[PDB]
Amino acid sequence: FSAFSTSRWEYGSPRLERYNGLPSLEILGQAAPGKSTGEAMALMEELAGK
Amino acid sequence: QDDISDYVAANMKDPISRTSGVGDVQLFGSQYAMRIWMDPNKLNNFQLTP
């Protein structure tokens, strides 16, 4: 095999995921104990705008 | 028309097709493809066939 090939080490994803047909990364998190889940969702949605 | 059709196929047809209550989606175009337009004279020169 060394006659007709070369080898190298590179980084790759062991597990790829898609959401609604498009490549995606799932982020799991919780709201802070003082605040509600809706506020956390809205804040993280606003952060994604940046 | 080809670029617009490819963009619609890649980013708009699939999400709409899975929208609730949408039964069938007919694309008025065509998605991109790798077109290999062969030349019979050049293929004959090199003793090659499709």
# chains A, B, ... in the order shown; residues from 1 in each chain; ligands from 1

call {"tool": "interface_residues", "arguments": {"of": "chain A", "to": "chain B", "cutoff": "12 Å", "atoms": "only C-alpha atoms", "output": "PDB file with C-alpha atoms, in the first residue's frame"}}
result
ATOM      1  CA  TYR A  19     -31.658  19.408  11.821  1.00  0.00           C
ATOM      2  CA  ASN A  20     -34.467  19.794   9.273  1.00  0.00           C
ATOM      3  CA  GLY A  21     -32.083  18.754   6.511  1.00  0.00           C
ATOM      4  CA  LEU A  22     -29.324  21.275   7.216  1.00  0.00           C
TER       5      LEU A  22
END

call {"tool": "select_by_dssp", "arguments": {"residues": "chain A", "states": "alpha helix (DSSP H)", "output": "PyMOL selection string"}}
result
chain A and resi 37-48

call {"tool": "write_last_selection", "arguments": {"atoms": "N, CA, C and O atoms", "output": "mmCIF file, in the first residue's frame"}}
result
data_model
loop_
_atom_site.group_PDB
_atom_site.id
_atom_site.type_symbol
_atom_site.label_atom_id
_atom_site.label_comp_id
_atom_site.auth_asym_id
_atom_site.auth_seq_id
_atom_site.Cartn_x
_atom_site.Cartn_y
_atom_site.Cartn_z
ATOM 1 N N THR A 37 -37.263 30.144 31.942
ATOM 2 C CA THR A 37 -36.735 29.510 30.739
ATOM 3 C C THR A 37 -36.947 30.389 29.514
ATOM 4 O O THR A 37 -36.093 30.439 28.623
ATOM 5 N N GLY A 38 -38.087 31.078 29.448
ATOM 6 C CA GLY A 38 -38.361 31.931 28.304
ATOM 7 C C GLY A 38 -37.354 33.054 28.154
ATOM 8 O O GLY A 38 -36.937 33.383 27.042
ATOM 9 N N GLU A 39 -36.954 33.662 29.273
ATOM 10 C CA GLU A 39 -35.951 34.720 29.216
ATOM 11 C C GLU A 39 -34.617 34.185 28.715
ATOM 12 O O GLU A 39 -33.941 34.837 27.912
ATOM 13 N N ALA A 40 -34.221 32.999 29.182
ATOM 14 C CA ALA A 40 -32.977 32.398 28.715
ATOM 15 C C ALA A 40 -33.040 32.103 27.222
ATOM 16 O O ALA A 40 -32.079 32.356 26.485
ATOM 17 N N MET A 41 -34.171 31.567 26.759
ATOM 18 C CA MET A 41 -34.325 31.283 25.337
ATOM 19 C C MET A 41 -34.234 32.560 24.515
ATOM 20 O O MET A 41 -33.551 32.600 23.487
ATOM 21 N N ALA A 42 -34.914 33.618 24.959
ATOM 22 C CA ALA A 42 -34.885 34.879 24.225
ATOM 23 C C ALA A 42 -33.480 35.463 24.193
ATOM 24 O O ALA A 42 -33.032 35.978 23.162
ATOM 25 N N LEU A 43 -32.765 35.392 25.318
ATOM 26 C CA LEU A 43 -31.405 35.917 25.362
ATOM 27 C C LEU A 43 -30.487 35.146 24.428
ATOM 28 O O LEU A 43 -29.688 35.741 23.697
ATOM 29 N N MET A 44 -30.576 33.816 24.439
ATOM 30 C CA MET A 44 -29.701 33.028 23.579
ATOM 31 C C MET A 44 -30.060 33.220 22.112
ATOM 32 O O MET A 44 -29.188 33.169 21.237
ATOM 33 N N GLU A 45 -31.344 33.438 21.823
ATOM 34 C CA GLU A 45 -31.757 33.781 20.468
ATOM 35 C C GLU A 45 -31.173 35.122 20.039
ATOM 36 O O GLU A 45 -30.757 35.287 18.887
ATOM 37 N N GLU A 46 -31.142 36.093 20.953
ATOM 38 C CA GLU A 46 -30.552 37.391 20.640
ATOM 39 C C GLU A 46 -29.046 37.273 20.440
ATOM 40 O O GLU A 46 -28.462 37.969 19.602
ATOM 41 N N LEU A 47 -28.396 36.403 21.216
ATOM 42 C CA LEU A 47 -26.963 36.181 21.047
ATOM 43 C C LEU A 47 -26.653 35.569 19.686
ATOM 44 O O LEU A 47 -25.645 35.912 19.060
ATOM 45 N N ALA A 48 -27.505 34.655 19.217
ATOM 46 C CA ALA A 48 -27.279 34.034 17.916
ATOM 47 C C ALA A 48 -27.340 35.056 16.790
ATOM 48 O O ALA A 48 -26.796 34.817 15.706
#

call {"tool": "atom_distance", "arguments": {"atom1": "CA of residue 25 in chain A", "atom2": "CA of residue 12 in chain B"}}
result
20.5 Å

call {"tool": "atom_distance", "arguments": {"atom1": "CA of residue 1 in chain B", "atom2": "CA of residue 25 in chain B"}}
result
18.2 Å
